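Peer 1: in their complex positions, the first chains:
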Amino acid sequence: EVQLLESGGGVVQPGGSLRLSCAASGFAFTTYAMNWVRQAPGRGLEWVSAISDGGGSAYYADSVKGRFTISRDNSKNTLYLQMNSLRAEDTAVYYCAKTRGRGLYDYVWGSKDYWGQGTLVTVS
Amino acid sequence: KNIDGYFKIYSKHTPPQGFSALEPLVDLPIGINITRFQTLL
Amino acid sequence: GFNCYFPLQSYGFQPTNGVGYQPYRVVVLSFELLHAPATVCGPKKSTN
């Protein structure tokens, strides 16, 4: 029943912007936490960003502080990731993946049971 | 003045010897126990 | 986790289900008395 859809991500000139949109269909997107993942072709994954419920708490990984812009719409059940200052090492498979975490000590960057469908971003 | 729940204000602006007719302004049915009237400059 | 349950649970409203499982908008009016001087009731019916 529950599945995740992505949109956008393709050929882009480096040093610009791009749009990737993550819409959810069958879960309580207000209550669940949300997370962001980068995966290059040829080496495994890397977490880049995470947000708690209702915005407010936004976190970034080490190489991506300020480079990436994150935003959330609780009405239309859409997750956005606004893109700034693209680099050739950012050519990776970008996809939204959700977290369980709803408890006090569940640590929104933690246990992520589902993952989204997937799209590839080519910065070239 | 504050009697039977409602709160009343009376006034008269004039251009202290003399006699004045204070008219009411508005009655506010607030319903508050009232004790202090710290003014504001 | 196991035996540590999130207390809230979703309706998951579906247009397909029956009338007993349909969403319903409920508005509850409330009134008591006497807590202040009275302020609200119906309009005065004035004539010529």
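Peer 2: Yes, it's here. Numbers count the residues shown, from 1 in each chain, chains lettered A, B, ... in the order given.

Peer 1: using the three-state scheme, assign the residue most central in space within chain C.
Peer 2: Nearest to the geometric centre of chain C sits residue C:27, at 3.1 Å (C-alpha atoms, centre = their mean). Here residue C:27 is coil, with the state taken from DSSP: H, G, I helix; E, B strand; the rest coil.

Peer 1: also residue A:35?
Peer 2: Secondary structure assignment for residue A:35 (three-state DSSP): strand.

Peer 1: interface residues of chain C facing chain A?
Peer 2: C:4, C:6, C:8, C:10 (C-beta under 8 Å from any C-beta of the partner chain). Just so you know, the C-beta spots here come from the backbone N, C-alpha and C atoms, and that holds for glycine as well.

Peer 1: point out the ones among these that are inside strands.
Peer 2: Using DSSP state E, no member of those sits in strands.

Peer 1: adding neighbour count, write those residues out as a markdown table.
Peer 2: Converted to a markdown table, the residues of chain C next to chain A look like this (neighbours: other C-beta atoms under 10 Å in any protein chain shown):
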| residue | neighbour count |
| --- | --- |
| C:4 | 6 |
| C:6 | 10 |
| C:8 | 8 |
| C:10 | 10 |
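
Peer 1: make JSON lines out of those residues and add distance to residue A:44.
Peer 2: Formatted as JSON lines, those follow (distance: C-beta to C-beta, whole Å):
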{"residue": "C:4", "distance to residue A:44": "30"}
{"residue": "C:6", "distance to residue A:44": "30"}
{"residue": "C:8", "distance to residue A:44": "35"}
{"residue": "C:10", "distance to residue A:44": "33"}
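
Peer 1: now, which of those residues sits nearest residue B:28?
Peer 2: residue C:8 (42.5 Å; C-beta to C-beta).

Peer 1: which ones are touching the residue lying closest to the closest one once chain neighbours are set aside?
Peer 2: Excluding the flanking residues, the one nearest residue C:8 by C-beta to C-beta, 6 or more residues apart in numbering or on different chains is residue A:31, at 7.1 Å. Counting by C-beta atoms under 8 Å, 6 or more residues apart in numbering or on different chains, residue A:31 touches A:53, A:102, C:8.

Peer 1: include chain D as well:
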Amino acid sequence: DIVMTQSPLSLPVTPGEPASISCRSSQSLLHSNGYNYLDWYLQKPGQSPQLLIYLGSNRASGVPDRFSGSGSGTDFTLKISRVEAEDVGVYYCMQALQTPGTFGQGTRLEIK
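Peer 2: Following on from the chains above, chain D is added here:
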């Protein structure tokens, strides 16, 4: 953070033979409640990864019974009794204690 290690990374295993997969942790993942906090995943080629074992021991939804995780404290082990052509995938490991969600380097299982 947690310096994580998955070794060995490339695993040529004959189908039908068991395969042993390990991931190692610098800090103890045993919490005050007695439970293990490290999660085992598989990524198919072109298909999104799945949670295979949460908390080291129990049934994730849809996972067949011959997948089993072991370990305590720092030394954990993932074991499959029988490996087939549907068991090809690259095996990761993630924690849940600290702020950065640290992944593994990925354990590629290969069919000979």
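
Peer 1: what segments of chain B are strands?
Peer 2: Ranges of strands within chain B are B:2-3, B:6-11, B:23-28, based on DSSP E.

Peer 1: now the strands for chain C?
Peer 2: Read by DSSP E, chain C holds no strands at all.

Peer 1: so which residues on it come close to chain B?
Peer 2: Selection of chain C residues close to chain B by C-beta under 8 Å from any C-beta yields C:35-39.

Peer 1: using JSON lines, lay out the residues you listed together with distance to residue D:107.
Peer 2: Below are the residues of chain C next to chain B laid out as JSON lines (distance: C-beta to C-beta, whole Å):
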{"residue": "C:35", "distance to residue D:107": "69"}
{"residue": "C:36", "distance to residue D:107": "71"}
{"residue": "C:37", "distance to residue D:107": "77"}
{"residue": "C:38", "distance to residue D:107": "76"}
{"residue": "C:39", "distance to residue D:107": "72"}
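
Peer 1: and those as a markdown table, adding neighbour count?
Peer 2: Below are the residues of chain C next to chain B laid out as a markdown table (neighbours: other C-beta under 10 Å):
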| residue | neighbour count |
| --- | --- |
| C:35 | 8 |
| C:36 | 12 |
| C:37 | 14 |
| C:38 | 11 |
| C:39 | 7 |
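
Peer 1: for the residue nearest the centre of chain B, which non-adjacent residue is closest in space?
Peer 2: Centroid check for chain B by C-alpha atoms, centre = their mean gives residue B:9 as the closest residue, at 2.6 Å. Nearest non-adjacent residue to residue B:9, counting by C-beta to C-beta, 6+ apart: residue B:25, 4.7 Å away.

Peer 1: any idea how far chain A is from that neighbour?
Peer 2: Distance from residue B:25 to chain A, counting by C-beta to the nearest C-beta, to the nearest Å: 45 Å.

Peer 1: what's the burial count for the closest residue to residue D:25 other than its chain neighbours?
Peer 2: Using C-beta to C-beta, 6+ apart and skipping the chain neighbours, the partner closest in space to residue D:25 is residue D:74 (4.9 Å). As a burial measure, residue D:74 scores 14 neighbours (other C-beta atoms under 10 Å in any protein chain shown).
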